[PDB]
Amino acid sequence: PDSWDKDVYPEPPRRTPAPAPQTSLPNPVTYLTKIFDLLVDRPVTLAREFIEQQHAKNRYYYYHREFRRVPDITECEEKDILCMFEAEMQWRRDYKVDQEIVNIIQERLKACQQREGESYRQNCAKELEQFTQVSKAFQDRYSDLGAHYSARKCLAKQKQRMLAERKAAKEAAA
Amino acid sequence: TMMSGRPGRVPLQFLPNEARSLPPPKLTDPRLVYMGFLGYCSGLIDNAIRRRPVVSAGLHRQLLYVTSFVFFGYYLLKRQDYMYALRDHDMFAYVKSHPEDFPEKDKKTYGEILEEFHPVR
Ligand SMILES: CCCCCCCCCCCCCCCCCC(=O)OC[C@H](COP(=O)([O-])OCC(O)COP(=O)([O-])OC[C@@H](COC(=O)CCCCCCCCCCCCCCCCC)OC(=O)CCCCCCCCCCCCCCCCC)OC(=O)CCCCCCCCCCCCCCCCC
Ligand SMILES: CCCCCCCCCCCCCCCCC[C@@H](O)O[C@H](CO[C@H](O)CCCCCCCCCCCCCCC)COP(=O)(O)OCC[N+](C)(C)C
């Protein structure tokens with residue numbers, strides 16, 4: 001369906017086997033499917049067609065709000081309240097977007113497990129690696145900030161991580 | 001005594017002539033409204049103590065209460081604004097005259113400032 005993006009929400013092509021009956025007995029599943037299509041599918045389709053015809057007469061639109069980039073806390077001077085406010089708001093919006101990215105990856109993982117069914121341990125290894133990488137990055141970003149998290153705390157954590165990496169690299173090179 | 005003995009202060013002067021250059025409080029000041037409310041409450045308490053009908057009796061007396069409270073509140077607000085303006089003026093003059101005591105500090109960005117991180121776990 002065109003409601004979502006197939007790249008963002010992939011689905012492998014669906015291979016449905018063709019029916020190959022081997023008995024003369026009638027198929028109750030087929031008979032009940034035909035009855036269901038006759039009694040339910042056609043009325044709901046007619047109702048939806050009427051509703052969608054009504055909708056097309058009053059077609060109006062809504063837009064996606066766009067936010068421009070602003071200087072971040074690394075550029076903000078010390079105790080410059082306006083720049084700090086702008087940077088904190090931008091950081092919070094980026095945090096929300098990252099949370100939604102993690103949610104998308106988790107939805108991919110769940111859908112792939114359910115789809116593969118009995119062979120999930122092997123066929124879902126591709127989506128498990130992406131989730132592992134995304135979770136690692138998200139944890140390194142916002143792992144232990146606390147309830148009163150802020151862009152300053154995230155920046156201090158990043159500085160600590162960078163200093164630790166530099167120390168490890170220097171020790172290795174020594 | 002901080003501003004007592006300030007140079008050029010005339011004793012027993014509620015409002016000096018230098019206060020005339022400041023914006024007078026508007027008559028719709030919330031502080032003036034609160035002073036009028038205090039006057040009305042005083043009138044109501046007077047009626048209650050004297051056992052008159054609290055809201056009806058002594059309308060002229062209640063009006064006099066409100067008017068007196070508004071008058072005194074207006075003059076008190078003028079004096080308060082003058083005193084605060086004088087304090088700010090003196091503070092700014094002293095800061096300007098003592099730069100070695102109030103030096104501007106170079107501003108370093110958070111990309112340069114190193115802050116210790118304390119994890120919450
Ligand atoms: C209105 C809200 C006010 C909020 C608080 C603001 C500050 C206080 C208000 C100013 C003072 C008011 C008068 C005090 C004495 C009242 C005596 C009395 O009976 O009064 C009944 C009186 C009518 O009764 P009446 O038929 O004339 O005579 C009946 C006898 O007085 C009947 O006499 P009785 O012999 O039967 O007396 C027996 C009674 C006598 O009891 C009393 O007299 C109680 C009242 C006096 C106690 C102290 C009052 C507060 C003084 C300041 C203290 C701080 C206040 C803030 C505290 C905050 C934290 C609690 O004793 C007891 O019940 C003893 C047991 C209870 C004792 C323990 C409780 C004590 C509470 C103390 C704190 C109360 C705070 C709120 C008080 C509100 C009073 C209305 O009603 C009023 O006074 C109503 C209030 C005024 C309304 C004005 C309306 C104007 C037109 C509409 C304006 C609309 C807004 C404006 C803008 C335009 C819009 C279109
Ligand atoms: C030129 C011809 C026209 C002249 C016009 C008159 C000029 C002024 C004349 C004043 C009347 C004559 C003198 C009468 C006594 C004077 C008392 C007062 O006016 O003097 C002022 C004093 O003003 C009053 O003290 C202010 C009264 C404020 C009342 C409220 C206080 C704040 C309470 C906080 C809660 C308020 C709740 C609301 C209350 C209504 C300044 O006196 P000052 O020589 O400098 O005092 C030195 C001592 N100090 C420094 C320690 C104080």
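Nothing in this text is a laboratory measurement; each read-out follows from the coordinates by a stated rule. Positions of Cβ are backbone-derived with ideal geometry, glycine not excepted, and every protein chain shown enters the neighbour counts.
Taking region A:142-159 as the range and being more than 8 Å from every other protein chain (Cβ to nearest Cβ) and assigned to a helix (DSSP H, G or I) as the test, the residues that pass are A:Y142, A:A151, A:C154, A:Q158. Put simply, of A:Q106, A:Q139 the only residue that is touching a residue at least 12 places away in the same chain (Cβ under 8 Å), under 20 Å from the mean Cα position of the chain (by Cα) and assigned to a helix (DSSP H, G or I) is A:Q106. Between A:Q99, A:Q114, the distinction of being exposed (fewer than 13 other Cβ atoms within 10 Å of the Cβ), under 17 Å from the mean Cα position of the chain (by Cα) and closer than 30 Å to A:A20 by Cβ belongs to A:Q114 only. Residue count for region A:1-38, restricted to those that are farther than 30 Å from A:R108 by Cα and either in contact with an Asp or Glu (Cβ under 8 Å, 6 or more places away or on another chain) or surrounded by 10 or more Cβ atoms within 10 Å (Cβ to Cβ) (or both): 10. Checking each residue in region B:102-121 for being part of a loop (DSSP other than H, G, I, E, B) and of a type in the set (S, T, N, Q) picks out no residue at all. In region B:19-37, of all residues being within 15 Å of ligand 2 (Cβ to nearest atom) and either surrounded by 15 or more Cβ atoms within 10 Å (Cβ to Cβ) or part of a loop (DSSP other than H, G, I, E, B) (or both), the one that is farthest from the chain's Cα centre (by Cα) corresponds to B:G36. When each of A:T74, A:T23 is tested for being touching a residue at least 40 places away in the same chain (Cβ under 8 Å) and assigned to a loop (DSSP other than H, G, I, E, B), the lone residue that passes is A:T74. In region A:56-72, is there at least one residue being within 23 Å of A:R152 (Cα to Cα) and within 14 Å of chain B (Cβ to nearest Cβ)? Within region A:56-72 (the criterion being within 23 Å of A:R152 (Cα to Cα) and within 14 Å of chain B (Cβ to nearest Cβ)), the answer is yes, since at least one residue qualifies.
Number of residues in region B:7-45 that are hydrophobic (A, V, I, L, M, F, W, C) and within 11 Å of ligand 1 (Cβ to nearest atom): the value is 6. Hey, can you tell me all the residues within region B:46-94 that are within 16 Å of ligand 1 (Cβ to nearest atom), of a type in the set (K, R) and assigned to a helix (DSSP H, G or I)? Selection gives B:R61 alone. Exactly one residue out of A:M84, A:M162 is within 14 Å of chain B (Cβ to nearest Cβ) and surrounded by 13 or more Cβ atoms within 10 Å (Cβ to Cβ), and it is A:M84. None of A:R65, A:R92 is outside any helix (DSSP H, G or I), among the basic types (K, R) and within 24 Å of A:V8 (Cα to Cα) except A:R65. For B:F72, the conditions (1) closer than 30 Å to A:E75 by Cα; (2) more than 14 Å from chain A (Cβ to nearest Cβ); (3) among the aromatic types (F, W, Y) all hold with the exception of (1). In region B:92-121, the qualifying residues are those that are farther than 30 Å from A:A151 by Cα and surrounded by 10 or more Cβ atoms within 10 Å (Cβ to Cβ), and the one that is farthest from the other protein chains (Cβ to nearest Cβ) is B:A93.
Listed by first and then second residue, the pairs with beta-carbon distance under 7 Å, at least 6 apart or on different chains, first residue in region B:61-83 and closer than 20 Å to B:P23 by Cβ, second more than 11 Å from ligand 2 (Cβ to nearest atom) and not in a helix (DSSP H, G or I), are B:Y74/B:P25; B:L77/B:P25; B:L77/B:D29; B:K78/B:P24; B:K78/B:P25; B:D81/B:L22; B:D81/B:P25; B:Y82/B:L22.
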